[PDB]
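Inspection log for the structure reproduced underneath, given as structure tokens.
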Amino acid sequence: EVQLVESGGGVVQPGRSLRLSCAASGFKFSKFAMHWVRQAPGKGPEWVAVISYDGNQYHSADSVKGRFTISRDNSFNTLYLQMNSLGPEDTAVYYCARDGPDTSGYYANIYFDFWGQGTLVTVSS
Amino acid sequence: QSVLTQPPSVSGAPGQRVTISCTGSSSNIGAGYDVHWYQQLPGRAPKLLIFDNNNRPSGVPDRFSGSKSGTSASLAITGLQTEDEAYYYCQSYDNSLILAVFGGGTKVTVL
Amino acid sequence: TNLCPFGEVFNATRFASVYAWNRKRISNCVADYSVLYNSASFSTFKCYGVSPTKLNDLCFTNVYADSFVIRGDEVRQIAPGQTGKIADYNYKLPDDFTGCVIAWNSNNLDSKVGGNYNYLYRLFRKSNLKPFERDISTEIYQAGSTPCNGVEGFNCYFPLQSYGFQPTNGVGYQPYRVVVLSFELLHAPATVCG
Ligand SMILES: *[C@@H]1O[C@H](CO)[C@@H](O)[C@H](O)[C@H]1NC(C)=O
């Protein structure tokens, strides 16, 4: 069964940096690309970043560009997300999601088939 | 913020049908990209419900159907029960902003 | 009086890889090239041996149409008498070619965030291609002196390479869709004109 578990969330004062990860199991982790998706409390989900299946190519959302860096370890079956200089608008429940296997029409369509559980990340003092 | 526009809430009673309409702009849906739907139970991670136009995945009842036309999409629930008390989201892709976009979400209520 | 099917070749959802280009025969029907030439959406329309304007007045026995997707910098190698990694190992045009070459940018359809790796192109081969030939054998390449089989360790390289397409690439890296026609213009009763 495809299952993903994440950890690394906690309360932090503004201005610091955090690093969290989720570990996959039950499928060939090398073959599939991965995405990071956050969800603010009360609103809809928002897309964050994506990494290729080998780590050579990646992409990030315009909102968090220059602050969020993502990395991947193919042998260890873990992928990491690094945040620098957290702001008050970064409180969410970050999920790590798996890219869709088959999408039929066109090549630019993306969808998320298996989701993790999420970690509560909040910033205050 | 949510690029796709979605109604805030849809009411209903067991027995009949309810519909959710997810409308988009020229770039996101009018270009030709498809529409996907997820279901998020209260207190649980969102789960894929309708990938691609209709095309239900494994392990789902047939009560859920969807279609896309023009610049909008609609999801249909048939023979509603009390079990469907949750949130539903519509997702697509945008070629001008260059990122995946999500809908505002609709809370389906069963009376 | 059949309209001729140019709509399931130009508007196909997914083109094929350059190393396995797909060819379609065209017969009977009634071609109409004025609409194609007046679309004003193609960035390249080169015709060898016949001017595009006079294409509604002469007709042929059959018309061949083959299509593929290649990089934005290799589009100049699809021409008679050119050299490169595409013209030598993937697609070769004879020197007495008579047809038209059409290409247009297709970034919005063939590239996705995180990289698109479903398009391949041959990169290693022991000899160049004769005009209008395909090869789809993926036998391990033999380089150096020591012979190797079924292994890719040292001096034995997998032939096919993978294009990496992303929407943020430069103009010289975004994918391009190419369609090449060909006309015989010799003998036999003609079948395609109007
Ligand atoms: C492809 O579809 C578009 C949609 O309007 C149409 O304008 C165009 O003529 C079609 N291509 C061909 C070669 O007919």
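We number each residue from 1, going along the chain as drawn.
Recorded method for this deposit: electron microscopy, 3.4 Å.
Note that Cβ sites are derived from N, Cα and C of the backbone, with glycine treated the same way.
Long-range Cβ contacts of C:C4 (disulfide bond) within its own chain (separation 6+, distance under 8 Å): C:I26, C:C29, C:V30, C:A31, C:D32, C:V192. If you look up Swiss-Prot, you'll see C:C4-C:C29 (among others) marked as disulfide bond.
Note: C:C100 (disulfide bond) has non-local neighbours C:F45, C:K46, C:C47, C:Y48, C:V50, C:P52, C:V180, C:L181, i.e. same-chain residues 6+ apart with C-beta under 8 A of its own C-beta. As annotated by Swiss-Prot, disulfide bond applies to C:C47-C:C100 (among others).
Taken from Swiss-Prot, the feature disulfide bond covers C:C59-C:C193 (among others). Cβ neighbour count for C:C193 (disulfide bond): 15 (other Cβ atoms within 10 Å of its Cβ, all protein chains included).
Following the DSSP three-state reduction, the secondary structure of C:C156 (disulfide bond) is coil. Taking the Cβ of C:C156 (disulfide bond) as reference, residues of its chain lying under 8 Å away and at least six apart in sequence are, in sequence order, C:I140, C:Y141, C:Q142, C:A143, C:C148. The disulfide bond annotation in Swiss-Prot covers C:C148-C:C156 (among others).
Annotation source Swiss-Prot lists N-linked glycosylation site at C:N11. Taking Cβ-Cβ distances under 8 Å and a sequence separation of 6 or more, C:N11 (N-linked glycosylation site) has no neighbours in its chain. In this structure, C:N11 (N-linked glycosylation site) belongs to neither helix nor strand by DSSP; it is coil.
Helix, strand and coil residue tallies for the region 'Receptor-binding motif' (C:105-176), in that order: 4 helix, 10 strand, 58 coil [DSSP]. Here Swiss-Prot flags C:105-176 as region 'Receptor-binding motif'.
If you look up Swiss-Prot, you'll see C:116-124 marked as region 'Immunodominant HLA epitope recognized by the CD8+'.
Within its own chain, the region 'Disordered' (C:123-158) is flanked in space by residues 19-21, 85, 88-95, which lie at least six positions past its ends and keep a Cβ under 8 Å from the stretch. What Swiss-Prot lists as region 'Disordered' is C:123-158.
Taken in sequence order, the recorded positions C:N11, C:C29, C:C193 that lie near ligand 1, meaning a CB under 6 Å from one of its atoms, are C:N11. A strand conformation is recorded for C:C100 (disulfide bond) in the three-state DSSP classification. Long-range Cβ contacts of C:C59 (disulfide bond) within its own chain (separation 6+, distance under 8 Å): C:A31, C:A190, C:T191, C:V192, C:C193, C:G194.
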